[PDB]
2 protein chains.
Amino acid sequence: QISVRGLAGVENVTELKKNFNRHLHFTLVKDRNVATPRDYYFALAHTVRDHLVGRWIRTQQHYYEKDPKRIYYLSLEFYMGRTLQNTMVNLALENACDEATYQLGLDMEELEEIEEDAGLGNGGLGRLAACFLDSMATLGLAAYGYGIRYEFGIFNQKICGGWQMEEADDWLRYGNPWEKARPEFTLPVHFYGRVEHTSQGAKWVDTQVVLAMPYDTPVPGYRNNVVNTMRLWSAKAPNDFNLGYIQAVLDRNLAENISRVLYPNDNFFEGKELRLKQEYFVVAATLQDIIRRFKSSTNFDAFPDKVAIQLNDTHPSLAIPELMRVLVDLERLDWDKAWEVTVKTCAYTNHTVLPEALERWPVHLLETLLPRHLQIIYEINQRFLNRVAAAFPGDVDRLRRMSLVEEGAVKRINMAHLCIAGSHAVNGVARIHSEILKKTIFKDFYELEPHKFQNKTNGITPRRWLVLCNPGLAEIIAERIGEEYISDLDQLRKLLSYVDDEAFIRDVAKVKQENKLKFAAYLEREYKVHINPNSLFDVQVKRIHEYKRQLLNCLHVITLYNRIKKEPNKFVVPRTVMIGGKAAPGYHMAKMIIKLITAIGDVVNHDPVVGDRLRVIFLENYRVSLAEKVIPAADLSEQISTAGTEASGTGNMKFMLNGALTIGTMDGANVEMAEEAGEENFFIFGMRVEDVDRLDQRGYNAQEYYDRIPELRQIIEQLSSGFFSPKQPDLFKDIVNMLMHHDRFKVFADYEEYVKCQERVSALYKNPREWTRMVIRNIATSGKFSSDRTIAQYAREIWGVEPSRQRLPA
Amino acid sequence: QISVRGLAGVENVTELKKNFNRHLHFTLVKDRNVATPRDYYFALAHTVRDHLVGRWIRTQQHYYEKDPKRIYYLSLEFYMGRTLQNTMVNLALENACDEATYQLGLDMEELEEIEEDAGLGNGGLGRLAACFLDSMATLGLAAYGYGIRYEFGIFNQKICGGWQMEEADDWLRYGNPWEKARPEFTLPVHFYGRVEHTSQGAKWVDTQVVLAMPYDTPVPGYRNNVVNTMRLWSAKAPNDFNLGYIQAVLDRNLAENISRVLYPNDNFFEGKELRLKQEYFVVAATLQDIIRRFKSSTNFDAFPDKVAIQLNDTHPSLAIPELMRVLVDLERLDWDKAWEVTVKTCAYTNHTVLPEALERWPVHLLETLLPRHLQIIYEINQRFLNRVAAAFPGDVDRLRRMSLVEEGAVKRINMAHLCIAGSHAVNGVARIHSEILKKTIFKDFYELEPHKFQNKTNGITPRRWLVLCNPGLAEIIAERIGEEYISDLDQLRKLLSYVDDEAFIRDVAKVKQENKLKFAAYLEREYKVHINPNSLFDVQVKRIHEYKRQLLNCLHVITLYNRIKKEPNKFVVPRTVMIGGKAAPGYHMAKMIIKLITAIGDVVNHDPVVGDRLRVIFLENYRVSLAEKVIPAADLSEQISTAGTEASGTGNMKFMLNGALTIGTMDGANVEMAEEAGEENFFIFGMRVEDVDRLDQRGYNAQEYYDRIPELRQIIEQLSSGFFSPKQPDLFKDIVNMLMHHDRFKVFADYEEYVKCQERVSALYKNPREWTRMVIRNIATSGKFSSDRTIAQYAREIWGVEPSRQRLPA
Ligand SMILES: COc1cc(Cl)c(O)c([C@@H]2O[C@H](CO)[C@@H](O)[C@H](O)[C@H]2O)c1
Ligand SMILES: COc1cc(Cl)c(O)c([C@@H]2O[C@H](CO)[C@@H](O)[C@H](O)[C@H]2O)c1
């Protein structure tokens with residue numbers, strides 16, 4: 001049908017059809033008479049998977065023969081979403097499969113909806129790892145993603161009575177056609193035990209052993225015939241485990257629990273033993289695999305020349321003392337040489353400045369679980385602090401501030417400090433964030449080793465986040481400027497010469513309208529909710545968090561409702577306000593915010609006076625596959641975190657690429673987005689980081705705002721009195737109390753500017769031609785935010801490898 | 001190479017080779033450079049599996065269109081062993097695959113050894129179910145095996161310091177290429193809860209739900225293109241299960257533990273709740289599946305015409321009250337009609353008379369776990385006892401004897417009584433056993449309903465137990481009488497006309513010698529043990545049990561050793577005494593017997609005076625795949641249970657078919673074996689059932705035998721004094737005490753006759769020509785013991801269906 005989806009040649013379509021029928025028969029053991037849509041999905045998935053394997057085998061053979069420097073991306077999260085369409089896109093198979101399935105009497109889009117998301121992440125950090133894998137393969141890097149194969153990913157969110165309910169994400173129930181179990185490459189991982197000191201060094205003995213079994217998933221590059229590997233470890237008990245008889249077999253579950261479930265916290269540290277085990281499990285198995293592959297090419301001098309390890313936040317920070325452990329205890333290298341190798345090998349990416357999100361592990365936990373690692377950490381600390389003392393003599397407070405060991409009621413290890421000490425590069429994820437790191441939490445470290453600190457602004461892959469989810473837009477762009485932009489997103493700048501092109505303006509607006517119609521139909525079919533497709537689609541989708549200020553959005557929504565009720569017969573630009581995202585199960589305030597949103601909808605959506613001028617919808621079970629649907633349909637992107645709190649954001653970039661305008665604070669990547677597009681083409685409001693600091697020094701008093709803004713007072717009175725909860729008048733008392741007395745994120749402080757900025761949004765939307773021209777100016781300048789750019793910077797500035805756009809032979 | 005292994009045509013070999021290479025590439029994602037022997041096994045398994053699927057789909061389509069009466073074989077055990085060679089045999093693919101693999105530069109026998117046993121059984125009962133599935137498919141019956149997919153089958157036995165050690169049988173670690181998961185046919189199973197009585201009947205409410213997920217394994221008939229199904233259920237927690245968050249996900253293990261592990265007890269009842277859950281789980285899921293298939297053909301009058309349910313012992317006895325529950329509570333049939341349907345549908349096979357092996361479930365367990373089933377059982381009992389009272393008025397003791405409810409300190413349900421009451425047929429597994437049932441434990445029931453009681457003598461499949469494991473013998477037989485005997489074993493009678501044929505005599509003896517050489521080489525390669533291949537191979541392989549009297553064998557072994565030590569320079573027929581089998585982990589005496597056997601070997605095998613005239617070897621990890629190796633190599637089969645204790649035995653039949661002579665008591669199927677071959681061609685010794693009864697009435701005094709037999713006294717003194725355990729002189733005190741004071745199985749009573757009979761064995765072995773002629777007379781009369789005969793009898797006399805040897809179109 002459309003150009004960017006590739007060729008549907010007679011030869012290919014015929015071959016795809018027969019292999020589909022072969023898989024249906026031999027693989028699924030079904031015939032067309034008993035086959036269900038799910039069977040048809042799996043037949044297609046297996047058929048598409050077949051096209052990967054040849055390229056997969058020859059890619060890994062190529063790396064063996066050429067022996068390039070290998071990049072190991074260590075992450076506790078890989079938020080992959082669905083794989084079928086992505087594989088078709090990257091292999092140029094989409095139109096051929098569409099044709100083949102059509103001729104078999106099947107609708108491919110219907111089959112695509114059957115695939116479960118691989119929801120092995122919480123939000124931005126997990127999704128970044130996924131975009132990164134895509135970009136590294138597209139840039140021809142010898143890269144491996146290493147993580148955990150969670151049996152249960154991020155929970156499925158149900159909304160019941162307006163409340164979030166969690167259910168297990170049993171994503172493997174029907175099987176995963178993409179993965180290949182590699183039980184032959186199973187590795188032992190050690191826990192507990194004790195340290196013995198011998199004549200010939202330290203020994204870690206009397207340990208409990210858990211097996212790490214790898215599962216490999218192919219990661220195709222965009223039409224370059226490169227297929228890299230994501231290797232995810234699964235925990236297995238050894239066969240002599242606890243070996244009355246029956247209970248001993250049943251107790252195998254204890255060991256295998258390590259890989260059972262993803263901790264469902266976004267940007268929040270939960271110091272539980274099981275989480276620590278997960279973190280060591282991935283690190284220990286990965287490092288053995290790395291060293292094995294390195295030896296199969298004695299001389300560890302060349303280790304950093306052949307290996308780079310990227311730590312996705314501090315979650316895999318134990319890689320540092322584990323590498324030291326292996327090099328010192330097992331390979332018998334002296335400390336100094338081992339340390340040199342470790343530092344040159346490891347690099348660390350920080351994703352947050354929120355105190356509650358930073359990993360600080362109780363010493364007593366590490367003492368029991370990983371006794372040798374604690375000793376190594378202590379030794380690292382001593383030697384590091386000796387360097388600090390030499391550089392800043394007599395500065396005793398600096399010594400306590402920089403220590404990896406934090407003193408107090410419970411002694412803790414600051415994992416970020418460990419990461420900085422043991423890495424040759426430390427980066428933030430957006431320019432403002434990286435600057436904040438150097439000025440605040442890592443200031444001391446920056447002063448000691450300024451060369452270590454870098455910025456690498458985040459990005460998103462234009463394959464998934466444009467071509468896949470928005471083929472209509474990708475096509476109208478390709479009609480003008482060709483297909484090259486898909487792997488060179490900077491080329492979208494060429495679209496600036498079309499900002500006054502009446503044909504292009506109409507087409508851009510047409511694509512949006514179609515996307516909005518498709519999504520409006522999705523909502524009625526799957527959730528029985530009615531929306532006006534001509535309204536402004538005002539969307540905030542992201543994890544529920546106080547810092548992300550879904551509450552500020554709520555206040556605006558209520559303001560709009562109150563203004564309508566005050567002047568019913570006055571014209572207002574119609575809006576559909578969509579808010580979605582999951583709350584961590586233990587995060588009470590976030591769960592309350594979800595209830596507030598649904599409660600507002602319950603009043604707003606049923607008020608006859610409002611009509612269809614205002615609708616408030618909570619988007620249930622927000623996840624990668626839902627993002628791919630809602631983002632192309634959005635007109636307005638809400639990126640309204642308190643300045644200085646959102647390290648980057650990546651959802652913001654997805655909306656920009658897909659033709660939404662952005663209302664946002666100057667926070668994270670928003671700053672660079674506005675810079676690229678021009679501030680005139682962005683809806684910027686609110687305090688800057690400097691203004692937040694000024695308010696903190698003075699003392700934030702929320703009552704002041706309540707006293708001076710009558711519209712804000714009305715809302716708070718409504719919340720308190722039970723306007724949005726008539727049967728439970730005090731339901732939102734916790735929310736009001738927080739807003740009035742202990743709001744860390746200054747919701748009230750940005751309220752006035754937010755509401756005024758929103759008025760300017762509605763004004764522009766009244767002029768469809770000028771709205772669309774601003775949209776074009778956004779899409780045209782979104783190039784910087786391709787993860788291809790991000791990965792190229794990591795490659796050149798951290799990993800010391802050169803990206804390659806060259807095809808491998810097919 | 002050999003005729004019975006089928007044709008290796010150019011067309012087939014070429015196609016097999018390319019499909020092997022296809023699977024290696026696409027399925028395993030390997031090339032020849034990195035592939036291991038295990039990879040080669042899986043490529044072959046997948047290639048052979050491909051040949052099943054077409055036949056599998058069309059068989060099940062055939063049953064849908066023809067709608068025959070369906071046979072449901074319910075068992076908690078299916079002791080399947082390896083599947084690859086069996087599939088090749090039944091599909092006539094063996095020579096073709098042998099050729100194809102040879103041309104690829106691979107040895108197929110080497111690849112065959114890589115497959116894990118499906119060890120989902122303990123011994124004879126589990127292996128009978130497996131032989132039965134093979135025969136039902138070969139006889140064209142619409143049969144389904146239903147069981148549990150245990151994650152861990154029978155434990156792997158290691159011998160350490162002469163002691164049995166258990167390790168988990170992680171048979172699914174590398175995957176199972178034979179099974180097809182069918183998550184779409186998942187069914188709910190209910191536990192706990194309570195019974196509510198409404199206006200419209202009883203309701204079982206507030207239950208805990210466990211999901212039953214089926215896995216289907218194909219069961220090919222012998223060259224008839226029939227492929228039946230073994231459906232095994234796996235336990236899955238529902239997604240809202242226990243839905244802090246993390247613990248709730250981790251607690252899913254509780255529900256999934258149902259299908260985790262096989263209870264490793266042979267012929268012994270362990271009344272644990274988890275076992276009861278397993279028994280209900282299989283029954284509940286199976287019955288829903290049965291009824292669903294029956295409806296998809298309202299009128300349950302025709303249910304028994306379209307459905308037969310065979311209960312493999314009392315393990316699935318809950319099928320009876322479960323069927324009643326469904327028919328009465330859910331389908332709203334009146335009691336009497338539902339009962340009529342149930343009785344006509346169900347039939348029960350008993351496999352034991354040992355009191356400790358009979359299932360008697362505490363009422364309090366059933367009360368909590370299955371409250372509605374207990375009520376139904378009580379109602380069944382009341383109505384049954386009313387019939388007894390009417391038939392035998394005033395016989396109050398009969399009423400208490402026949403009750404399904406046993407009174408005492410703990411009230412129990414006698415599951416055998418439940419089975420008899422609710423089945424139209426009750427059978428034992430050998431003529432003597434079935435007679436014992438009518439005369440002893442089920443006497444009262446036989447008097448009330450004589451028509452119910454039948455015999456069905458056990459059998460073994462001649463495919464696995466001759467063609468597969470002994471191709472050399474199958475071939476020399478086929479050379480004389482053709483190939484028809486493989487599915488018509490009675491044809492082996494034709495071999496009686498070859499008993500004086502000098503060529504045949506030489507060939508029979510040659511095949512045995514080759515089998516013995518192959519097994520002697522297996523022992524050195526895998527276990528580093530040295531044996532004399534010219535010695536008499538004296539073997540007892542079966543589960544370790546007091547009733548099977550491995551101890552009597554031990555006494556004979558020590559007798560031989562003592563006699564050699566007394567007269568060293570006297571000639572004795574050299575023997576290799578092989579004993580193997582697993583002890584249930586909680587069975588102390590059985591574990592002690594294993595230690596005794598190894599202890600005897602430790603002395604005997606290292607005494608220079610003995611030389612290679614006597615060797616005692618404990619065969620480690622006895623299992624189906626090992627049986628296939630040792631049985632063809634045996635000269636003498638030890639079948640020496642106390643008369644009246646071994647219901648049938650099936651190992652006995654395997655040895656007979658494979659050219660071993662039998663030393664045995666007149667117990668179980670031994671009686672019919674001796675009857676078929678002629679008592680002159682069997683080594684029968686010891687008490688008959690009647691002699692055991694006489695000794696019981698008089699009182700068994702072991703001291704009497706000790707006092708009157710000096711050779712026996714010497715052995716007991718040796719055991720007591722620490723001759724076989726110098727470092728722990730009192731090690732075998734428990735064994736001696738049992739033998740002397742509380743031996744339920746009268747080991748001493750059969751000692752003299754056993755030793756004398758063994759002398760006659762050695763005498764015959766000295767004359768190789770007459771040994772072999774007796775062997776021929778055994779093989780020639782083994783026809784009755786084909787499971788094809790057994791299944792044909794079940795079909796005609798119980799299930800009311802006619803067997804068919806007709807091919808389905810290929
Ligand atoms: C430990 O710090 C974390 C943890 C998690 Cl799970 C996470 O999603 C992020 C997010 O990581 C994303 C990727 O860098 C950023 O865009 C967001 O600003 C940031 O909040 C940061
Ligand atoms: C509950 O009674 C049982 C239980 C188990 Cl696990 C078993 O293997 C047997 C054996 O079942 C075999 C098959 O009928 C017979 O040949 C043997 O004589 C018998 O001991 C009987």
Side-chain angles (χ1 to χ4, degrees), chain A residues 183 186 188 208-211 236-252 255, chain B residues 79 81-82 113-123 126 150-174 260-266 519 522-531 539-545 550 554 577-602 605 615-630 724-725 727-728 731:
Chain A
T186 296
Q208 284 177 33
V209 175
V210 181
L211 298 176
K236 262 265 194 169
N239 287 343
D240 59 355
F241 188 78
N242 288 335
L243 285 169
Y245 169 77
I246 295 287
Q247 198 59 53
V249 176
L250 297 182
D251 284 350
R252 289 171 59 94
Chain B
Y79 211 170
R82 293 166 177 163
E113 291 301 318
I114 291 144
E115 181 173 9
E116 293 288 325
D117 287 44
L120 306 188
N122 278 287
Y150 303 108
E151 186 170 333
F152 303 94
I154 189 67
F155 62 87
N156 283 319
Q157 177 193 61
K158 290 272 181 74
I159 299 301
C160 290
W163 299 96
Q164 170 174 296
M165 301 291 300
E166 299 90 24
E167 63 179 44
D169 169 45
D170 194 16
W171 75 291
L172 297 164
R173 178 183 42 239
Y174 295 97
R260 198 79 69 200
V261 63
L262 169 74
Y263 275 81
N265 305 310
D266 185 79
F519 190 73
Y522 171 85
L523 283 182
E524 288 198 9
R525 280 175 68 255
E526 252 70 30
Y527 300 100
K528 297 291 161 191
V529 280
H530 315 107
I531 58 161
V539 8
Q540 187 177 205
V541 289
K542 52 187 71 248
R543 289 295 296 262
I544 313 300
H545 235 294
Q550 283 89 5
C554 288
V577 181
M578 302 178 198
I579 306 170
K582 289 168 185 181
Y587 193 169
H588 180 251
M589 192 56 67
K591 285 190 151 183
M592 289 311 297
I593 292 160
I594 293 176
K595 177 61 174 173
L596 214 220
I597 295 159
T598 61
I600 294 161
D602 283 347
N605 299 348
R615 287 276 182 266
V616 186
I617 276 86
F618 189 83
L619 257 26
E620 183 179 286
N621 203 31
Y622 180 66
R623 67 198 183 280
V624 175
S625 67
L626 192 58
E628 291 170 6
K629 295 184 176 71
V630 67
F724 297 97
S725 55
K727 290 156 188 170
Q728 323 170 60
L731 187 62

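Every chain is numbered from 1 and lettered A, B, ... according to where its sequence line falls, protein lines coming before strand lines. The basis for the numbers below is simple: all heavy atoms, side chains too, and nothing from hydrogens, waters or symmetry mates.
Separating the NZ atom in B:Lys582 from the CG atom in B:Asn621 is a distance of 4.0 Å, to the nearest 0.5 Å. Taking CD of B:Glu116 as the start and OG of B:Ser625 as the end, the distance is 9.0 Å to the nearest 0.5 Å. To the nearest 0.5 Å, atoms NZ (B:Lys595) and CD1 (B:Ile593) are separated by 14.5 Å. Note that the SG atom of B:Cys554 and the CD1 atom of B:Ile579 stand 4.5 Å from one another [nearest 0.5 Å]. For the atom pair CZ of B:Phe152 and CZ of B:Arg173, the computed distance is 9.5 Å after rounding to the nearest 0.5 Å. In this structure, OH on B:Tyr622 lies 8.0 Å from NZ on B:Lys542, to the nearest 0.5 angstrom.
Side-chain atoms of B:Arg82 come within 3.5 Å of backbone N or O of B:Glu115 as a donor-acceptor pair. Although no hydrogens or angles enter the test, the distance criterion places a donor-acceptor pair under 3.5 Å between the side chain of B:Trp171 and the main chain of B:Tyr150.
Between B:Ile154 and B:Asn122 there is a side-chain heavy-atom pair separated by less than 4.5 Å. Proximity of B:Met578 to B:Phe519: side-chain heavy atoms (C-beta onward) are separated by under 4.5 Å at one or more points. Looking only at side-chain heavy atoms (C-beta outward), B:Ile544 and B:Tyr587 stay at 4.5 Å or farther from each other. Between B:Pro264 and A:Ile246 the shortest side-chain heavy-atom distance falls below 4.5 Å. The shortest side-chain heavy-atom distance between B:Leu523 and B:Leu619 falls under the 4.5 Å cut-off. Between A:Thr186 and A:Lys236, the closest side-chain pair of non-hydrogen atoms is not below 4.5 Å. Between B:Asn156 and A:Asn239 there is no side-chain heavy-atom pair separated by less than 4.5 Å. At least one side-chain heavy atom of B:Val261 sits under 4.5 Å from a side-chain heavy atom of A:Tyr245.
Shown here for A:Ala237 and A:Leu211, the closest heavy-atom pair between the two residues is O-CD1, 4.2 Å. Closest approach of B:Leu731 to B:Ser725, counting heavy atoms only: CB-OG, 3.6 Å. For the residue pair B:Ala583 and B:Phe155, the shortest heavy atom distance occurs at O-CZ, 3.2 Å. Heavy-atom minimum distance, B:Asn265 versus B:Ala584: OD1-CB, 3.5 Å. Minimum heavy-atom separation, A:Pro183 to B:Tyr174: CG-CD2, 3.4 Å.
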Next on the checklist: Show, in sequence, the C-alpha distance, side-chain angles and deciding distance for B:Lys158 and A:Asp240, and conclude whether the salt bridge (charged side-chain N to carboxylate O under 4.0 Å, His left out) test is met.
Outcome noted: CA-CA 11 Å; B:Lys158 290 272 181 74; A:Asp240 59 355; over 6 Å; no
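Contacts of B:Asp169 classified as side chain to side chain donor-acceptor pair (under 3.5 Å), with partners at least two apart in sequence or in another chain: none. Partners of A:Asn242 by side-chain contact (heavy atoms from CB on, under 4.5 Å), not counting sequence neighbours, listed by chain and number: A:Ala248, A:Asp251. In this structure B:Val624 satisfies the side-chain contact (heavy atoms from CB on, under 4.5 Å) test together with B:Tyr79, B:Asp117, B:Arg127, B:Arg464, B:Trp465, B:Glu628, sequence neighbours excluded.
With a 6.0 Å radius and a threshold of 12 heavy atoms from other residues, nucleotides or ligands, B:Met165 has its CE atom at or below the threshold.
Here the rule is side chain to side chain donor-acceptor pair (under 3.5 Å) with B:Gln157, and of B:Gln164, B:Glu166, B:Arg623 only B:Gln164 fits it.
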